[PDB]
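This document starts with one chain, in the form deposited without the partner chain, laid out as structure tokens.
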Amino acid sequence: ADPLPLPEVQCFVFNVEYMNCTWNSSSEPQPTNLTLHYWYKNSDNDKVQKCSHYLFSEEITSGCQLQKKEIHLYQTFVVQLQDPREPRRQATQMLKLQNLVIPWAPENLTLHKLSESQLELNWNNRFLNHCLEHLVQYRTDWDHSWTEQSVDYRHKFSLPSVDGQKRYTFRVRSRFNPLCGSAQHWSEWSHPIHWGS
């Protein structure tokens, strides 16, 4: 009569456009459409919201998608995964969404040569620029590893010691930290840009 363990749901906000809470219900001996419900703490509305867009993986629910109008950043997100055939098998998680925001990868990588010993890299991230920090990796075709540099809300990196006879490669990614949140996972890497020959 002991209730079975439930899968753990992983929620992530992607560029404050939507939220994907996903789980893997392939552990069940009998397959079941697990149901998702959610609400917010420090909120006078004591109402439980059912999932509006379930995600399916082989005819069984494998997650839920919340639209932007359903996301309350900076309010504690309580998500409840429940077994419909047995309501006693339920699990609730309390999440802080400001630490689970994942922005898109930086876009529009441009290089601008100011002098023969100074060139700058520029990018934009489809996101409030003052809420993102950035990491710039670069390497030449004669470098064994990468070279990273942290860039703040100013989206400008100046290449130290430019060598015109070497071909460079640049990539940048962003993270929702630390001014507007405390996220730990970075965004995906941007497409690589190149310079020189």
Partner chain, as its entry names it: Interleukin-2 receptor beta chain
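Positions refer to the first chain, counted from 1.
Of the two segments examined, 149 to 157 and 41 to 49, it is 41 to 49 that shows the higher average Cα temperature factor in the deposited entry.
The stretch with the higher mean CA B factor, choosing between 180 to 188 and 18 to 26, is 18 to 26.
Considering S62, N129, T35, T32 together, the PDB entry gives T32 the largest C-alpha B factor. The PDB entry gives the largest Cα B-factor of the residues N122, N125, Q98, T76 to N125. Looking at the C-alpha B-factors along this chain, the one for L55 belongs to the middle third.
Per the deposited record, the Cα B-factor of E70 falls in the middle third when ranked against the other modelled residues of its chain. Ranked within its chain, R171 lands in the middle third, by CA B factor from the PDB record. Looking at the C-alpha B-factors along this chain, the one for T92 belongs to the middle third.
In this PDB entry, the Cα temperature factor of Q80 sits in the middle third of its chain's modelled residues.
This protein has a second form, the form solved in complex with the partner chain, left out of what is shown; the following refers to that one.
Scanning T32, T35, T147, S57 against the partner chain in the entry with it bound with a 4.5 Å heavy atom cut-off leaves one residue, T147. The shortest heavy atom separation between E28 and the partner chain in the entry with it bound exceeds 4.5 Å. In the entry with it bound, the partner chain sits within 4.5 Å of a heavy atom belonging to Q118.
Taking the partner chain as it sits in the entry with it bound, the stretch 126 to 146 comes within 4.5 angstroms of it through a non-hydrogen atom at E133, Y138.
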